[PDB]
Structure formats: structure tokens, C-alpha cells
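Single chain ahead, written as C-alpha cells, the form deposited in one PDB entry.
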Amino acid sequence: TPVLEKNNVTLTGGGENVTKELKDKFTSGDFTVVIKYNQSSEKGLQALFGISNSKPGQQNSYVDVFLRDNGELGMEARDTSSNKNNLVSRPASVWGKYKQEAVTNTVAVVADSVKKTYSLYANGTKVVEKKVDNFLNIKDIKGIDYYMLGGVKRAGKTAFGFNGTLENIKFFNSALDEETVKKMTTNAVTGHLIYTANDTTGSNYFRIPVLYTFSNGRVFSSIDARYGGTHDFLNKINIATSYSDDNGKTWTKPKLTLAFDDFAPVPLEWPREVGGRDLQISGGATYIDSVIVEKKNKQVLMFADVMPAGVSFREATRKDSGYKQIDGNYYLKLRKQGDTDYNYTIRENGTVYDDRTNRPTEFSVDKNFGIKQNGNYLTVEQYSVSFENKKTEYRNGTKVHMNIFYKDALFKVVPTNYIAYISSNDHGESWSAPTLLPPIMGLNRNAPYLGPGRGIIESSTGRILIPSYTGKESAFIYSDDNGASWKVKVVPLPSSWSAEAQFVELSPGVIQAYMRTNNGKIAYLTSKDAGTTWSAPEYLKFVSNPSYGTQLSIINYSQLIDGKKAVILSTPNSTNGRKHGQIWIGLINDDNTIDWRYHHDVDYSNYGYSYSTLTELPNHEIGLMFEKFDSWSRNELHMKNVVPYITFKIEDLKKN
């Protein structure tokens, strides 16, 4: 039961006094406030409400909940005389606008005196809970005399004035429990998540969404389910998938499609504070950065990077592919426990050979990288993770198959990165066992790193193209035999670009690779022979990003726009961070230049926008999934429920 409920309060910075209605209602001093609002302007710091001592000198005696122009939700509780100042917040908590309309959000704050915590909720997620030593409730702050909607009265003046409509606001004079407030804050925004914290995947975190529309009208998604927070590395990451047969309206419960079981797919509460956020899961085999393509025969391919347990992308050797060539064939090498050298290879039928004697052993490696001895699986104990802000990785008593990618294996692969792929003949419902890519970069180089998103089938040749990169070169992985065998075109770049790329076809035989650079710009290279040879890079003139850059998404679109063949591009566009997401429409001219005629700002310019993926829906609308946060910032690590799915008509995308 609310002590006060108000509704449809429209404000333009000036606030509304509710002192009469609330003074003396908070007898314990605890509170819960639930606010459903939309903003008419996002600029500045804006308080949804404010409870204060308004007198001269008591400016630092107040409680509020606030929004920032970047989507951060926070609260303060401050007392002037005792000089105590609490601030609790989480980045990337709310939405601003969506297709020209202010987004309705629902947030809440819970101040619990017994356990000395402030909790904040936004759109069904408890975005933060913090225990504080200097806890303050309404009665702890001396001389509270003013209760206000849409600001805080400080020294007789409205501060932090809110611009928007408080659609509904409820004040409660007790700390309401977690599940009740989650439910109260659930709304239409909550529904835009395909993957949610601790869903079927067992993961609390996701990054690197990929969308793809199959030829039968199924809309497919894949994502990194990152268990040990959002770290690229070290981590325990699986690839999860989910699909829609109704144009993206409803989605299957996620499946784990590429996963190792040296660690279980269980939810971990990863620390976000400065002293814990650098912590990593260190002992766990990983799939990361997925790429999808549909072949002409309707078979689907998914590629991902593979990292053995404990192997850092930074530290890992770049001068060993992990393969040995024997009588013209390439076989994966292994080192047995107790040996310094790699004396063994995986040859026909997974049989492990001792290369010194050239004889098969009693050991074999199955199609899922599991080790057998005389037909029986070897096992190891699985690891769990425990926190007590020290983290422990410990053996949990469950036996799993010993695997060549695991820390505790009898036979191990070379500690480097690999690429694996799997195929599906039923539009993504079931998948083959993984195949590791052969040493296409050479025996004495590591595999490339995939550029997440999609691959393409170039139409004139039927060549399958998969984007990847080395750190110094582009590596365009391809097959001219419908995916039976793979080759690579390696293209030196102007600098050390982390060249995450995507392809478009402009006209038959003519393709472009758009990619991330280390110079602030998006580069594109052009091939007029279906990827065999590439021009020097050119740069988009209208995107300006930080030097580190971000992944992009670009797709071909099937319908004419203004009479012309089109492409559609998604990227952040800001020098200040991974922010200011835009979708751009490019119209192909007869000379194969592009007229980049339209752009659309996805939300307000300070709102986070990192890795993204576009797809054309069967109805010819556009689906977008994206990281609605800044995935470079160390302040925005390890956040839950921050990778939404939204959609746009071309008519929406023409606006901005």
C-alpha cells in the first residue's frame, strides 16, 4: 500500500511540491519509491523526486533518485551536518528515445535500514545493490522539511529539475522485497531482451550479438554467453542461440550451441567495484566471437574462435598453428603430460599417434574433442567458482570428459587460438560436431580472429566469404567448393587495426569489406574479382570514433530504396566512447560508389552503443540487436540485461 501515489505529472524543470502529503508519513525512515516516467529532454542531471532540508546551509541534506543524459540511474542520500554522502548508481540502466518517441521506463529505489543497503531497479532488473557503512534513511538526515517531485529543493531553490512526465509515482514507507519491485518495474522495455541474465543459458552476462535471416523466413540469433562477467579474456564463454519464426515477435528459449563443460553453465555474481572488476575466470576453455552464414543449398554454417583453458589471447604464441604436416596432410598436435615437446598427432578417425614411432596409440579424440583410452572416456573434475571479494576456482566432484582444450588434460593442444565451425541442415535447430579450421595462415602462424556478424555468398562465383583479422592484416577466409575446403586471402593493412569486418556485394563480382581501424575511422576495401584482390583502403567521411574503434554491422537490403539498391550500416559514432549509435542507409550508384543518404540516431548521443548486428526481417523491416552500453569502459563491465533487440521500418530509418 502506497503512502502517496501521483500520476501524469508533466514537468519542465520546475518541480512539484508534495510536502503536505508526505511529511510525517515515513515513520521508520525506510522507503521504496517506484517511478514510471518518460523524459521530454535528456540533458543534465535530473531527479525524479527529492526529499530534502530546504533551509539555507542544508544543501547537502537530501535523498534523490536521478537520471543522467547517458542512461545512468542513480541515487544519493546525504547529510550536511554529519558530512555523510552516499551515491549508488549503474550505467546504462534506462532508455531515452526510440523511433522519435520518448521511452517509458520504470525505475525504483529501496532503502533498507536493517541491512544498510540501497537497491536500484530499472525495467525489471535490479541494476545495483550496495551495502554502505554510512547508511542514511529519511529520519537520519537532520531537518527534512521538503518533499518534491521532479527535483530537490536546496537552499530554497529547485535543483536537478526533471523534464518529462511522471506517468505514475508511488511512495512506500518500508523497504519492499526484491521480487516485488522487480515485478513492479517490468514493462515493455523488459520485453526487448532475447537473452536475459540467468535464463536457460545459466549465464548472467552476454556480449557480441549476431542476427541472421534464413531463406525460409526464420530469424536466427547467436551471442556470447559470458559467465565470468563481460571480459573478452580470461573468461568462460559459450555460444548461445535463439530463433524466431514470426518475424522477431517471439523467440525460442536459448540453447547452448558451442560450449565446453570444464566449468558448468551457472550464474556468477561478478564484482563491479574497482577492487573486484578485474578478476577473471582463469582456468576455462572458451568459444568466442561467432559468425553465421547460410549456404545456397540452405545448410547453415556457424564459426567461432576457440581458446584453450588458461590461454590468453595476449600471451598465446603467434608462431605455432597447433598443426604438423605429415605426408601432405595437416594434423592437430598434442603434448602429453610430462613431455616438453609435442610428440603426438590426431590422425584418421581421431586416433592419436606417437609421431616418434609413427604408430597409433591406445588413445583417441572424439568429434567433440574428448579423450578416450581403449574406447573408454578419460575424465576430469569440473570446476566451480566461489566468492568470499576473493575468488576461488575449485574442483566440484562432477566428472566430465577429459578434453584436449582443458587445463587438466593428459594430452593438450598448442596454447594458441583456433577457429571451429559447425553446420546445420534444419535451419539452426540442430548442429554437427565442430570442425577445427586447418592451418590456412601457414604452419607457423596462429589462426586469425573472426570478425563477428555474418559471412556472405558472393553471387557471381558462389564463393563463401568469412571475415577475420590478425592484428596487422585482414584475413578473408573463403571456400570455392561450397564449404568443403577453406582458403584465405591475407591483406596487409596500413596499421595494427583490430580489423573486425563485414562484407557487402555492390554488383556481381564486386564486394566491399567495411572494418574497424586503430585511427578513428571506418575503412572499406573494394574487390572487383569476388575477393581475390583488394584495393587500398578508403574511409567513411561521416563516422568519427575513438582510435581504438568498435565492431560494426553492414548488410545488403533486398528492396529498392528511392529506386536504388541499398546497404544498411550500424555503428557507434562518437569520439567520446562507444556511444551515439547510428543506422545509415547507403544507396548504390551505377558506378559502385555509395550515396550515404540517410541516418538515424538509435537513442540520444550519450547513451552507450558498442557491438551491433543488423538483419532484414522477412517483412522487409530491419532487426537490430546491440550492446546498449560502452563495452570499452572499465566502469561498464559485468552489467546484466544490456543487449536489446529492436526494429525499424525503412521509413523510421529515413528520420534524423
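Numbering starts at 1 and follows the sequence shown.
What comes next is about the form solved in complex with a small molecule, which does not appear here.
Contact annotation: the small molecule lies within 4.5 Å of heavy atoms from the stretch 300-308 in the deposited complex, the single such stretch among 484-492, 374-382, 300-308, 275-283. For the three residues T104, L166 and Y604, a heavy atom within 4.5 Å of the small molecule turns up in the deposited complex in no case.
Contact annotation: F233 falls within 4.5 Å of the small molecule in the deposited complex, judged by heavy atom distances. In the deposited complex, at least one heavy atom of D289 sits within 4.5 Å of a heavy atom of the small molecule. Under a 4.5 angstroms non-hydrogen atom cutoff, the small molecule in the deposited complex has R578 among its neighbouring residues. Mapping the unseen interface onto this chain, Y449 counts among the residues with a heavy atom inside 4.5 Å of the small molecule in the deposited complex.
This chain is displayed alone, yet in the deposited complex one of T117, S498, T200, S460 has a heavy atom within 4.5 Å of the small molecule; that residue is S498. Interface residue among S54, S631, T32, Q39 relative to the small molecule in the deposited complex, by the heavy atom within 4.5 Å criterion: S631.
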